[PDB]
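Colleague: Supplied structure: protein-v5.csv, CSV, C-alpha atoms and all ligand atoms.
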chain,number,residue,atom,x,y,z
A,1,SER,CA,13.9,63.3,-159.9
A,2,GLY,CA,16.3,60.7,-158.8
A,3,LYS,CA,18.3,62.8,-156.3
A,4,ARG,CA,18.1,63.2,-152.5
A,5,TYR,CA,17.3,66.3,-150.6
A,6,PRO,CA,17.6,66.8,-146.8
A,7,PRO,CA,14.4,67.6,-144.8
A,8,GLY,CA,13.3,71.2,-144.3
A,9,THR,CA,14.4,72.2,-147.8
A,10,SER,CA,12.1,74.2,-150.1
A,11,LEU,CA,12.5,73.5,-153.8
A,12,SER,CA,10.3,75.6,-156.0
A,13,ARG,CA,8.6,74.7,-159.3
A,14,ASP,CA,7.8,77.6,-161.6
A,15,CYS,CA,4.3,77.4,-160.3
A,16,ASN,CA,4.7,77.2,-156.6
A,17,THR,CA,6.9,75.9,-153.7
A,18,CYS,CA,7.1,72.5,-151.9
A,19,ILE,CA,8.8,71.6,-148.6
A,20,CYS,CA,10.0,68.2,-147.3
A,21,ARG,CA,8.5,67.0,-144.1
A,22,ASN,CA,8.5,63.3,-143.1
A,23,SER,CA,9.5,62.0,-146.5
A,24,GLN,CA,6.4,63.8,-148.0
A,25,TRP,CA,6.5,67.0,-149.9
A,26,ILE,CA,3.8,69.4,-148.9
A,27,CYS,CA,2.7,71.6,-151.8
A,28,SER,CA,0.3,74.5,-152.4
A,29,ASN,CA,-2.3,74.4,-155.2
A,30,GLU,CA,-2.4,78.1,-156.1
A,31,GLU,CA,-2.9,78.7,-159.8
A,32,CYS,CA,-0.1,79.8,-162.1
A,33,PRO,CA,-0.1,81.3,-165.6
A,34,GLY,CA,-0.6,79.4,-168.8
A,35,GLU,CA,1.0,79.6,-172.2
A,36,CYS,CA,-0.6,78.8,-175.5
A,37,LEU,CA,2.2,78.4,-178.1
A,38,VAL,CA,2.2,78.3,-181.8
A,39,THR,CA,5.5,77.5,-183.5
A,40,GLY,CA,7.2,75.6,-186.3
A,41,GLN,CA,4.9,74.7,-189.1
A,42,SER,CA,1.6,73.9,-187.4
A,43,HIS,CA,2.6,72.8,-183.9
A,44,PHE,CA,0.3,74.1,-181.1
A,45,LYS,CA,0.4,73.9,-177.3
A,46,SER,CA,-2.7,74.4,-175.3
A,47,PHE,CA,-2.8,76.3,-172.1
A,48,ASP,CA,-3.2,73.0,-170.2
A,49,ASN,CA,0.2,71.7,-171.6
A,50,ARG,CA,-1.4,69.6,-174.4
A,51,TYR,CA,0.5,69.2,-177.6
A,52,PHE,CA,-1.0,68.6,-181.1
A,53,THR,CA,-0.9,69.5,-184.7
A,54,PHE,CA,-3.5,70.8,-187.2
A,55,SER,CA,-2.4,71.8,-190.7
A,56,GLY,CA,-5.4,73.8,-191.9
A,57,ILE,CA,-5.5,76.9,-194.1
A,58,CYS,CA,-8.0,79.5,-193.0
A,59,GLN,CA,-8.4,82.2,-190.3
A,60,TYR,CA,-8.7,80.1,-187.1
A,61,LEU,CA,-9.6,81.4,-183.6
A,62,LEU,CA,-6.6,80.9,-181.3
A,63,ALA,CA,-8.1,82.3,-178.0
A,64,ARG,CA,-10.9,84.4,-176.7
A,65,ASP,CA,-12.4,85.5,-173.4
A,66,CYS,CA,-15.8,83.8,-173.4
A,67,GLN,CA,-17.8,84.9,-170.4
A,68,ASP,CA,-17.0,88.5,-171.0
A,69,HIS,CA,-15.2,89.8,-174.1
A,70,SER,CA,-12.0,91.5,-173.0
A,71,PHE,CA,-10.2,90.3,-176.1
A,72,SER,CA,-10.0,87.8,-179.0
A,73,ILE,CA,-7.0,86.5,-181.0
A,74,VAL,CA,-7.2,85.1,-184.5
A,75,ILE,CA,-4.4,83.1,-186.2
A,76,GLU,CA,-4.1,83.1,-190.0
A,77,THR,CA,-2.5,80.0,-191.5
A,78,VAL,CA,-1.1,79.5,-195.0
A,79,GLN,CA,0.8,76.8,-196.8
A,80,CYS,CA,4.4,77.7,-196.5
A,81,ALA,CA,6.5,75.5,-198.9
A,82,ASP,CA,6.1,73.1,-201.8
A,83,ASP,CA,4.9,70.2,-199.7
A,84,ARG,CA,1.3,70.0,-198.5
A,85,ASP,CA,2.4,69.1,-194.9
A,86,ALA,CA,3.8,72.6,-194.4
A,87,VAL,CA,1.4,75.2,-193.1
A,88,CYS,CA,3.0,78.0,-191.2
A,89,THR,CA,1.5,81.1,-189.6
A,90,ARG,CA,1.6,84.4,-191.6
A,91,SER,CA,-0.2,86.8,-189.3
A,92,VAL,CA,-2.2,87.1,-186.2
A,93,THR,CA,-5.0,89.6,-185.5
A,94,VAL,CA,-5.8,90.9,-182.0
A,95,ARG,CA,-9.0,92.7,-181.0
A,96,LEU,CA,-9.5,94.8,-177.9
A,97,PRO,CA,-13.1,95.8,-177.3
A,98,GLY,CA,-12.0,97.8,-174.3
A,99,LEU,CA,-10.2,100.5,-176.4
A,100,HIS,CA,-12.1,101.8,-179.4
A,101,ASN,CA,-12.9,98.3,-180.5
A,102,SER,CA,-9.6,98.5,-182.3
A,103,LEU,CA,-7.9,95.8,-184.3
A,104,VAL,CA,-4.2,95.2,-184.0
A,105,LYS,CA,-2.4,93.1,-186.6
A,106,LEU,CA,1.1,91.5,-186.3
A,107,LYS,CA,2.5,91.1,-189.8
A,108,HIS,CA,4.9,88.6,-191.3
A,109,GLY,CA,7.9,90.8,-190.4
A,110,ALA,CA,8.3,92.3,-187.0
A,111,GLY,CA,5.7,94.9,-188.0
A,112,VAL,CA,2.4,95.9,-186.4
A,113,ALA,CA,-0.6,97.7,-187.9
A,114,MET,CA,-3.4,99.3,-185.9
A,115,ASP,CA,-6.5,99.8,-188.0
A,116,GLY,CA,-4.6,99.7,-191.2
A,117,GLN,CA,-2.0,102.2,-190.0
A,118,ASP,CA,1.6,101.0,-189.7
A,119,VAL,CA,3.2,102.2,-186.5
A,120,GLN,CA,6.6,102.9,-185.1
A,121,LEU,CA,7.4,101.1,-181.9
A,122,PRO,CA,6.9,101.8,-178.9
A,123,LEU,CA,3.2,102.4,-178.8
A,124,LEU,CA,2.2,103.5,-175.2
A,125,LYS,CA,-1.5,103.9,-175.4
A,126,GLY,CA,-3.3,103.8,-172.1
A,127,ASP,CA,-3.3,100.0,-171.5
A,128,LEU,CA,-1.5,98.2,-174.3
A,129,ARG,CA,2.2,98.6,-174.8
A,130,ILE,CA,3.9,97.2,-177.9
A,131,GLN,CA,7.7,97.3,-178.1
A,132,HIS,CA,10.6,95.3,-179.4
A,133,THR,CA,12.4,92.8,-177.1
A,134,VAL,CA,15.8,92.1,-178.7
A,135,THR,CA,15.1,94.6,-181.6
A,136,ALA,CA,14.1,91.5,-183.6
A,137,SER,CA,10.7,90.5,-182.0
A,138,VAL,CA,7.6,92.4,-181.0
A,139,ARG,CA,5.9,92.1,-177.6
A,140,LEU,CA,2.3,93.2,-176.9
A,141,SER,CA,1.3,93.8,-173.3
A,142,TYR,CA,-2.3,94.7,-172.6
A,143,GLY,CA,-2.8,95.6,-168.9
A,144,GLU,CA,-1.1,93.2,-166.5
A,145,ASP,CA,-3.0,90.1,-167.6
A,146,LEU,CA,-1.9,89.5,-171.3
A,147,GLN,CA,1.4,89.2,-173.2
A,148,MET,CA,2.3,88.1,-176.7
A,149,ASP,CA,5.3,87.4,-178.9
A,150,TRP,CA,6.6,87.8,-182.4
A,151,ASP,CA,4.5,86.5,-185.3
A,152,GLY,CA,7.0,87.3,-188.0
A,153,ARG,CA,8.2,83.8,-189.0
A,154,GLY,CA,5.5,82.2,-186.8
A,155,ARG,CA,6.3,81.7,-183.1
A,156,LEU,CA,3.3,83.2,-181.4
A,157,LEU,CA,3.0,82.9,-177.6
A,158,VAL,CA,0.6,84.2,-175.0
A,159,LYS,CA,0.7,84.7,-171.2
A,160,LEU,CA,-2.7,84.6,-169.5
A,161,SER,CA,-2.8,85.3,-165.8
A,162,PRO,CA,-5.0,83.2,-163.5
A,163,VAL,CA,-7.8,85.9,-163.6
A,164,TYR,CA,-8.8,84.1,-166.8
B,1,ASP,CA,21.7,133.3,-177.1
B,2,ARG,CA,18.4,135.1,-177.5
B,3,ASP,CA,18.9,135.6,-181.2
B,4,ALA,CA,18.5,131.8,-181.9
B,5,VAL,CA,15.0,130.7,-182.5
B,6,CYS,CA,14.8,127.5,-184.5
B,7,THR,CA,11.8,125.4,-185.6
B,8,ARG,CA,10.9,122.4,-183.4
B,9,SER,CA,7.7,121.1,-185.1
B,10,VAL,CA,5.1,121.9,-187.7
B,11,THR,CA,1.4,120.9,-187.7
B,12,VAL,CA,-0.6,120.2,-190.8
B,13,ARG,CA,-4.4,120.1,-191.0
B,14,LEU,CA,-6.4,118.5,-193.8
B,15,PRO,CA,-10.2,119.3,-193.5
B,16,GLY,CA,-10.7,117.1,-196.6
B,17,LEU,CA,-9.9,113.8,-194.8
B,18,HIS,CA,-11.4,113.3,-191.3
B,19,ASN,CA,-10.4,116.9,-190.3
B,20,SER,CA,-7.2,115.1,-189.3
B,21,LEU,CA,-4.1,116.7,-187.8
B,22,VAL,CA,-0.6,115.6,-189.0
B,23,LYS,CA,2.5,116.6,-186.9
B,24,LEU,CA,6.1,116.5,-188.1
B,25,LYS,CA,8.3,116.1,-185.0
B,26,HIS,CA,11.8,117.2,-184.1
B,27,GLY,CA,13.2,113.9,-185.6
B,28,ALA,CA,12.1,112.5,-188.9
B,29,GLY,CA,9.0,111.4,-187.1
B,30,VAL,CA,5.3,111.9,-188.0
B,31,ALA,CA,2.3,111.6,-185.7
B,32,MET,CA,-1.3,111.5,-187.0
B,33,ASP,CA,-3.9,112.3,-184.3
B,34,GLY,CA,-1.4,111.4,-181.5
B,35,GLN,CA,-0.5,108.1,-183.1
B,36,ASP,CA,3.1,107.6,-184.3
B,37,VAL,CA,3.2,106.0,-187.7
B,38,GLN,CA,5.6,103.9,-189.7
B,39,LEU,CA,6.4,105.3,-193.2
B,40,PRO,CA,5.0,104.9,-195.9
B,41,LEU,CA,1.5,106.1,-195.2
B,42,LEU,CA,-0.6,105.7,-198.3
B,43,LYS,CA,-4.0,107.0,-197.3
B,44,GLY,CA,-6.3,108.0,-200.2
B,45,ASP,CA,-4.7,111.4,-201.1
B,46,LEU,CA,-1.7,112.1,-198.8
B,47,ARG,CA,1.5,110.1,-199.1
B,48,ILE,CA,4.2,110.4,-196.5
B,49,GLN,CA,7.5,108.7,-197.1
B,50,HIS,CA,11.2,109.1,-196.6
B,51,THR,CA,13.4,110.7,-199.3
B,52,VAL,CA,17.0,109.7,-198.5
B,53,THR,CA,15.9,107.7,-195.5
B,54,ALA,CA,16.8,110.8,-193.5
B,55,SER,CA,14.0,113.2,-194.4
B,56,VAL,CA,10.2,113.0,-194.6
B,57,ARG,CA,8.1,114.2,-197.5
B,58,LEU,CA,4.3,114.8,-197.4
B,59,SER,CA,2.4,114.8,-200.7
B,60,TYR,CA,-1.3,115.7,-200.5
B,61,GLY,CA,-2.9,115.2,-203.9
B,62,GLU,CA,-0.8,116.7,-206.8
B,63,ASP,CA,-0.9,120.3,-205.5
B,64,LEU,CA,1.1,120.1,-202.2
B,65,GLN,CA,4.5,118.9,-201.0
B,66,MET,CA,6.5,119.4,-197.8
B,67,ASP,CA,10.0,118.5,-196.5
B,68,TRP,CA,11.7,117.5,-193.2
B,69,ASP,CA,11.0,119.5,-190.0
B,70,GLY,CA,13.5,117.5,-187.9
B,71,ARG,CA,16.2,120.1,-187.4
B,72,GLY,CA,14.1,122.9,-189.0
B,73,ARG,CA,14.3,123.1,-192.9
B,74,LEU,CA,10.6,123.1,-193.8
B,75,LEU,CA,9.7,123.6,-197.5
B,76,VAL,CA,6.4,123.7,-199.5
B,77,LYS,CA,5.5,123.3,-203.1
B,78,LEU,CA,2.2,125.0,-204.0
B,79,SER,CA,1.0,124.6,-207.6
B,80,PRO,CA,-0.6,127.5,-209.5
B,81,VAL,CA,-4.1,126.4,-208.6
B,82,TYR,CA,-3.5,128.3,-205.4
C,1,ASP,CA,26.8,55.7,-199.8
C,2,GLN,CA,28.7,52.4,-200.3
C,3,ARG,CA,29.6,51.8,-203.9
C,4,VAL,CA,28.4,48.3,-205.0
C,5,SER,CA,29.3,46.3,-208.0
C,6,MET,CA,26.9,45.4,-210.8
C,7,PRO,CA,24.6,43.3,-211.3
C,8,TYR,CA,22.7,43.6,-208.0
C,9,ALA,CA,19.4,42.3,-206.9
C,10,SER,CA,18.5,43.4,-203.4
C,11,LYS,CA,15.0,44.1,-202.1
C,12,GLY,CA,13.3,43.0,-205.3
C,13,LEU,CA,15.1,45.5,-207.6
C,14,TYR,CA,17.2,43.7,-210.2
C,15,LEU,CA,19.9,46.2,-211.4
C,16,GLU,CA,21.0,44.6,-214.7
C,17,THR,CA,22.3,45.5,-218.1
C,18,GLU,CA,20.3,44.9,-221.3
C,19,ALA,CA,21.5,45.4,-224.8
C,20,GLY,CA,24.6,47.2,-223.5
C,21,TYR,CA,22.4,49.6,-221.7
C,22,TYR,CA,21.7,49.7,-218.0
C,23,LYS,CA,18.3,48.7,-216.5
C,24,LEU,CA,16.6,48.9,-213.1
C,25,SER,CA,13.6,46.6,-212.9
C,26,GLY,CA,11.0,46.7,-210.1
C,27,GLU,CA,8.2,44.4,-211.5
C,28,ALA,CA,7.1,43.7,-207.9
C,29,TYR,CA,6.5,47.4,-207.5
C,30,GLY,CA,5.5,48.1,-211.1
C,31,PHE,CA,8.2,50.0,-213.0
C,32,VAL,CA,11.2,49.5,-215.3
C,33,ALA,CA,13.8,52.2,-215.5
C,34,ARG,CA,16.9,52.3,-217.7
C,35,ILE,CA,19.6,54.6,-219.1
C,36,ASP,CA,21.5,54.5,-222.4
C,37,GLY,CA,25.1,55.3,-223.3
C,38,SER,CA,24.5,59.0,-224.0
C,39,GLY,CA,22.2,59.4,-221.0
C,40,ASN,CA,18.5,59.3,-221.6
C,41,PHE,CA,16.3,58.3,-218.7
C,42,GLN,CA,13.3,56.2,-219.4
C,43,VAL,CA,10.5,55.0,-217.1
C,44,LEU,CA,8.1,52.2,-218.2
C,45,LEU,CA,5.3,52.1,-215.7
C,46,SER,CA,2.2,49.9,-215.2
C,47,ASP,CA,-1.5,50.7,-215.6
C,48,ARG,CA,-2.0,50.1,-211.9
C,49,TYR,CA,-1.1,53.8,-211.4
C,50,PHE,CA,-3.7,55.1,-213.8
C,51,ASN,CA,-5.0,58.4,-212.5
C,52,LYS,CA,-2.8,58.0,-209.4
C,53,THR,CA,0.7,59.1,-209.9
C,54,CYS,CA,1.9,62.7,-210.2
C,55,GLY,CA,5.4,64.1,-210.7
C,56,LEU,CA,7.7,65.5,-213.3
C,57,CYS,CA,6.5,62.9,-215.9
C,58,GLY,CA,2.9,63.9,-215.3
C,59,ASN,CA,-0.1,61.7,-214.4
C,60,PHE,CA,-1.0,58.6,-216.3
C,61,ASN,CA,-4.4,59.6,-217.7
C,62,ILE,CA,-5.6,59.7,-221.2
C,63,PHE,CA,-5.4,63.5,-221.6
C,64,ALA,CA,-2.2,65.3,-222.4
C,65,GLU,CA,-3.1,68.9,-221.5
C,66,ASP,CA,-4.0,68.6,-217.8
C,67,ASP,CA,-0.8,66.8,-216.8
C,68,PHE,CA,0.8,69.7,-215.0
C,69,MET,CA,-0.9,69.4,-211.6
C,70,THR,CA,1.6,70.8,-209.1
C,71,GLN,CA,2.4,69.3,-205.7
C,72,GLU,CA,-0.4,71.4,-204.3
C,73,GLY,CA,-2.7,70.5,-207.2
C,74,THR,CA,-2.9,73.4,-209.7
C,75,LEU,CA,-3.2,73.3,-213.4
C,76,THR,CA,-0.4,75.6,-214.5
C,77,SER,CA,0.2,76.8,-218.0
C,78,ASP,CA,3.9,77.1,-217.5
C,79,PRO,CA,6.0,73.9,-218.1
C,80,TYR,CA,8.7,75.4,-215.8
C,81,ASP,CA,7.5,76.5,-212.4
C,82,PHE,CA,5.7,73.1,-212.4
D,1,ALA,CA,14.9,114.0,-210.1
D,2,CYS,CA,18.6,113.3,-209.9
D,3,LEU,CA,19.0,113.7,-206.1
D,4,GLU,CA,22.0,113.9,-203.8
D,5,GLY,CA,22.7,111.6,-200.8
D,6,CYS,CA,23.9,108.3,-199.6
D,7,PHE,CA,23.4,105.4,-202.1
D,8,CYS,CA,25.3,102.1,-202.7
D,9,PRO,CA,26.4,100.6,-206.1
D,10,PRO,CA,23.8,99.4,-208.6
D,11,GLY,CA,24.4,95.7,-207.8
D,12,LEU,CA,23.3,96.4,-204.3
D,13,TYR,CA,19.8,97.4,-203.1
D,14,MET,CA,18.7,98.9,-199.8
D,15,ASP,CA,17.5,96.7,-197.0
D,16,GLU,CA,15.5,97.8,-194.0
D,17,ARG,CA,18.4,97.3,-191.5
D,18,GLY,CA,20.7,100.0,-193.0
D,19,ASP,CA,22.8,97.6,-194.9
D,20,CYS,CA,22.1,97.2,-198.7
D,21,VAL,CA,22.1,93.8,-200.3
D,22,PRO,CA,21.9,92.2,-203.7
D,23,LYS,CA,18.4,91.3,-205.0
D,24,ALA,CA,18.8,87.7,-203.9
D,25,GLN,CA,17.9,88.3,-200.3
D,26,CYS,CA,15.8,91.4,-201.0
D,27,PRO,CA,12.4,90.7,-199.2
D,28,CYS,CA,8.9,91.1,-200.6
D,29,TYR,CA,6.3,93.5,-199.2
D,30,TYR,CA,3.0,91.8,-200.3
D,31,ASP,CA,0.0,93.4,-198.7
D,32,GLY,CA,2.4,95.3,-196.3
D,33,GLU,CA,3.6,92.0,-194.9
D,34,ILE,CA,7.4,91.6,-195.1
D,35,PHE,CA,8.1,88.1,-196.4
D,36,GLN,CA,11.6,86.5,-196.5
D,37,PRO,CA,13.4,85.8,-199.7
D,38,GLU,CA,12.0,82.2,-199.9
D,39,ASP,CA,8.4,81.9,-198.6
D,40,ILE,CA,6.1,79.6,-200.4
D,41,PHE,CA,2.7,80.7,-199.4
D,42,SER,CA,-0.9,79.9,-200.3
D,43,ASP,CA,-4.6,79.8,-199.3
D,44,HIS,CA,-6.7,77.1,-200.8
D,45,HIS,CA,-7.3,78.9,-204.1
D,46,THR,CA,-4.4,81.3,-204.7
D,47,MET,CA,-0.7,80.4,-204.9
D,48,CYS,CA,2.1,82.9,-204.2
D,49,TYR,CA,5.8,83.0,-203.6
D,50,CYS,CA,8.7,85.5,-203.2
D,51,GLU,CA,11.6,84.9,-205.5
D,52,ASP,CA,14.0,87.9,-205.6
D,53,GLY,CA,12.1,91.0,-204.4
D,54,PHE,CA,8.9,90.4,-206.3
D,55,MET,CA,5.9,88.4,-205.2
D,56,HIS,CA,4.8,86.0,-207.9
D,57,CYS,CA,1.1,85.3,-207.4
D,58,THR,CA,-1.2,83.1,-209.4
D,59,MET,CA,-4.7,81.7,-209.1
E,201,LIG,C1,-9.4,60.1,-211.1
E,201,LIG,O1,-9.7,60.1,-209.7
E,201,LIG,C2,-10.6,61.1,-209.4
E,201,LIG,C3,-10.7,61.3,-207.9
E,201,LIG,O2,-11.1,60.0,-207.3
E,201,LIG,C4,-12.0,60.8,-210.0
E,201,LIG,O3,-12.8,62.0,-209.6
E,201,LIG,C5,-11.8,60.7,-211.5
E,201,LIG,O4,-13.1,60.3,-212.1
E,201,LIG,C6,-10.7,59.8,-211.9
E,201,LIG,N1,-10.5,59.8,-213.3
E,201,LIG,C7,-10.2,58.8,-214.1
E,201,LIG,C8,-9.8,59.0,-215.5
E,201,LIG,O5,-10.1,57.6,-213.6
E,202,CA,CA,-1.4,63.3,-219.1
Represent the structure from my file as structure tokens, please.
Modeller:
Amino acid sequence: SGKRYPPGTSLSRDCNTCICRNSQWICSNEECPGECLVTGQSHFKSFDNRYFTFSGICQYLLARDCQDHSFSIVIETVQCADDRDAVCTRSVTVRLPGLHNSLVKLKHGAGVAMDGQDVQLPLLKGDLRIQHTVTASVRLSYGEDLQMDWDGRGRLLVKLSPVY
Amino acid sequence: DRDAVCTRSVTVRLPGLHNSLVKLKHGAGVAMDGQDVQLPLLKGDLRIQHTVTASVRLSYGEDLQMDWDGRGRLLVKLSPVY
Amino acid sequence: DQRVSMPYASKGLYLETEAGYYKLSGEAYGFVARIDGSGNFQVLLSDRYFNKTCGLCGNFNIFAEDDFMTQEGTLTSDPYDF
Amino acid sequence: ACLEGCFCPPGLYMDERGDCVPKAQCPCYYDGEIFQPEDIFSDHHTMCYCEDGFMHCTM
């Protein structure tokens, strides 16, 4: 990145580490977690660090486990202003077939609703934990291989560990 | 003291709906079937909501009311059909 | 933001005065606006935008009842939220 | 009834965060979802917005 480092150093990306030896960084190729990101009006980021935009108004499928069926996430888009080029996220629906085949729903506030029932946070069930983060944003955590973020005003995130 | 025995919780049971089991906790909290719940709770018959935002009020049908069991001041309202 | 004098003719928009009343002609782009002394906006507009335009002065079609089609596209009965 | 407790004056209405506010920034609770005081909002067929506490829907 346009600056010099002595030999033997070990700078670390978020993903892994690299060490200087004979003017050539040696680097590991071990996987590191991805992050699909919804934000703004309609701006998506794939797990593979692709960026794009799709201003559709329906219930779209954001993510899903597709060899087995440990979960499935479903975004719900609506127009969000006077203009037609303004399509923000209103809610997201999560589905856990591992526990009751339940159906979590993150609402346009910081609210959550399991199977129609509004819920006070925290929600320690067996696997999934739902709690506030700054007391202004919800955070789902199923197991140790799944996280989420607030879908109040539309800034959904995910954290998928390399087991997926 | 031994002459000090206050109420901690009360448990309500409605065989008309799922044979469920409501529980009013030592705060202003409610817990249906183990699950904590945000108020209001409009199910078909029973409504649970705050009153002054410091006290819960159950209302099953039109023949049953309740009051807060946080620090122990339970009430009931039974209409003459009982 | 820079106040200019009058008349003015940049970019194919002649900003003149006619009959003591101010005019803004755009014949290349197909419109003639003007204002009077009291203040009464007017917009003469060509037939090239037949069925095309939509705004606060409605679409240029033959009918007069459908010309509240919002920025989404919605025939609204109210002349106000439009 | 005419109850006893902690209220705030008639120009101010109660917000979720303990403060009470005028009806300009009083959110809407359409379908349970808590919408902000200005949220234009629509599927293909319906058209809804939140003005001052109430959710003005149309079709
Ligand atoms: C206006 O355009 C629409 C869409 O192309 C077309 O369906 C309709 O026939 C047009 N009407 C007139 C009056 O030209
Ligand atoms: Ca017309």
Colleague: When you get a sec, could you note down which chain D residues fall within 6 Å of chain A, using all atoms listed in the file, as an mmCIF file with C-alpha atoms, in the frame of the given file?
Modeller:
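So iface.cif came out as:
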data_model
loop_
_atom_site.group_PDB
_atom_site.id
_atom_site.type_symbol
_atom_site.label_atom_id
_atom_site.label_comp_id
_atom_site.auth_asym_id
_atom_site.auth_seq_id
_atom_site.Cartn_x
_atom_site.Cartn_y
_atom_site.Cartn_z
ATOM 1 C CA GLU D 33 3.600 92.000 -194.900
ATOM 2 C CA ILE D 34 7.400 91.600 -195.100
ATOM 3 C CA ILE D 40 6.100 79.600 -200.400
ATOM 4 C CA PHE D 41 2.700 80.700 -199.400
ATOM 5 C CA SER D 42 -0.900 79.900 -200.300
ATOM 6 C CA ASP D 43 -4.600 79.800 -199.300
#
Colleague: Would you pick out the contacts of residue 53 in chain B at 10 Å or less, using only C-alpha atoms, so that residues sharing its chain but fewer than 3 positions from it are not included, and give the list as a list in words?
Modeller: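 Result of the neighbour search: residues 28, 49, 50 and 56 of chain B; 5, 6 and 18 of chain D.
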Colleague: Take the residues from that selection and put them in a file with C-alpha atoms, as a compact mmCIF listing (two decimals), in the frame of the given file.
Modeller:
# COMPACT_ATOMS: atom_id res chain seq x y z
CA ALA B 28 12.10 112.50 -188.90
CA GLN B 49 7.50 108.70 -197.10
CA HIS B 50 11.20 109.10 -196.60
CA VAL B 56 10.20 113.00 -194.60
CA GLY D 5 22.70 111.60 -200.80
CA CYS D 6 23.90 108.30 -199.60
CA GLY D 18 20.70 100.00 -193.00
Colleague: Please give me, as a list in words, the residues lying within 9 Å of ligand CA 202 (chain E) when counting all atoms listed in the file.
Modeller: residues 51, 57, 58, 59, 60, 61, 62, 63, 64, 65, 66, 67 and 68 of chain C
Colleague: Find the distance between CA of residue 135 in chain A and CA of residue 36 in chain B and write it in Å to one decimal.
Modeller: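 Between these atoms lies a distance of 17.9 Å.
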Colleague: So, counting only C-alpha atoms, which residue among A:15, A:85, A:25, A:38 is closest to chain C?
Modeller: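 Ranked by minimum distance to chain C, first place goes to A:85.
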Colleague: Give as an MDAnalysis selection string the set of residues within 12 Å of the point (-2.1, 75.7, -211.3), where distances use the file's coordinates and all atoms listed in the file.
Modeller: (chainID C and resid 66:82) or (chainID D and resid 42 44:48 57:59)
Colleague: Could you tell me how far CA of residue 128 in chain A sits from CA of residue 25 in chain B, in Å to one decimal place?
Modeller: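 Separation of CA of residue 25 in chain B and CA of residue 128 in chain A: 23.0 Å.
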Colleague: Provide the CA of residue 20 in chain A to CA of residue 8 in chain A distance in Å, to one decimal place.
Modeller: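 If I compute the distance from CA of residue 20 in chain A to CA of residue 8 in chain A, I get 5.4 Å.
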Colleague: Given a cut-off of 8 Å, which residues of chain A touch chain B, counting all atoms listed in the file, written out as a list in words?
Modeller: residues 117, 118, 119, 120 and 123 of chain A
Colleague: For each of A:161, A:33, A:84, A:7, take the minimum atom-to-atom distance to chain C, counting all atoms listed in the file, then give the residue where this is smallest.
Modeller: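 Of the candidates, the smallest distance to chain C is held by A:84.
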Colleague: May I have the protein, DNA and RNA residues with any atom at most 10 Å from the point (-4.5, 117.9, -204.5), counting all atoms listed in the file, written as a PDB file with C-alpha atoms, keeping the file's coordinate frame?
Modeller:
ATOM      1  CA  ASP B  45      -4.700 111.400-201.100  1.00  0.00           C
ATOM      2  CA  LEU B  46      -1.700 112.100-198.800  1.00  0.00           C
ATOM      3  CA  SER B  59       2.400 114.800-200.700  1.00  0.00           C
ATOM      4  CA  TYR B  60      -1.300 115.700-200.500  1.00  0.00           C
ATOM      5  CA  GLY B  61      -2.900 115.200-203.900  1.00  0.00           C
ATOM      6  CA  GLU B  62      -0.800 116.700-206.800  1.00  0.00           C
ATOM      7  CA  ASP B  63      -0.900 120.300-205.500  1.00  0.00           C
ATOM      8  CA  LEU B  64       1.100 120.100-202.200  1.00  0.00           C
ATOM      9  CA  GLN B  65       4.500 118.900-201.000  1.00  0.00           C
ATOM     10  CA  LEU B  78       2.200 125.000-204.000  1.00  0.00           C
ATOM     11  CA  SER B  79       1.000 124.600-207.600  1.00  0.00           C
ATOM     12  CA  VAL B  81      -4.100 126.400-208.600  1.00  0.00           C
TER      13      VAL B  81
END
Colleague: I'd like the contact shell of residue 50 in chain A - 10 Å cut-off, only C-alpha atoms, skipping same-chain residues fewer than 5 positions apart - returned as an NGL selection string.
Modeller: :A and (36 or 44-45)
Colleague: List as a ChimeraX atom specification the protein and nucleic acid residues near range 20-26 of chain D, meaning an atom at most 6 Å away when all atoms listed in the file are counted, but skip any in the same chain fewer than 4 places from it.
Modeller: /D:11-15,37,52-53
Colleague: Go ahead and dump the residues you just picked, C-alpha atoms, as a short mmCIF file (atom, residue, chain, number, x, y, z; two decimals), keeping the file's coordinate frame.
Modeller:
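This went into out32.cif:
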data_model
loop_
_atom_site.label_atom_id
_atom_site.label_comp_id
_atom_site.auth_asym_id
_atom_site.auth_seq_id
_atom_site.Cartn_x
_atom_site.Cartn_y
_atom_site.Cartn_z
CA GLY D 11 24.40 95.70 -207.80
CA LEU D 12 23.30 96.40 -204.30
CA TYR D 13 19.80 97.40 -203.10
CA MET D 14 18.70 98.90 -199.80
CA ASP D 15 17.50 96.70 -197.00
CA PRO D 37 13.40 85.80 -199.70
CA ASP D 52 14.00 87.90 -205.60
CA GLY D 53 12.10 91.00 -204.40
#
Colleague: Under the rule that all atoms listed in the file are counted, which of C:56, C:4, C:36, C:49 is the nearest residue to ligand LIG 201 (chain E)?
Modeller: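 Among C:56, C:4, C:36, C:49, it is C:49 that comes nearest to ligand LIG 201 (chain E).
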Colleague: If you count all atoms listed in the file, which residues fall within 9 Å of residue 67 in chain B, apart from same-chain ones fewer than 2 positions away, as a list in words?
Modeller: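 So the residues in contact are residues 51, 55, 56, 57, 58, 65, 69, 73, 74, 75 and 76 of chain B.
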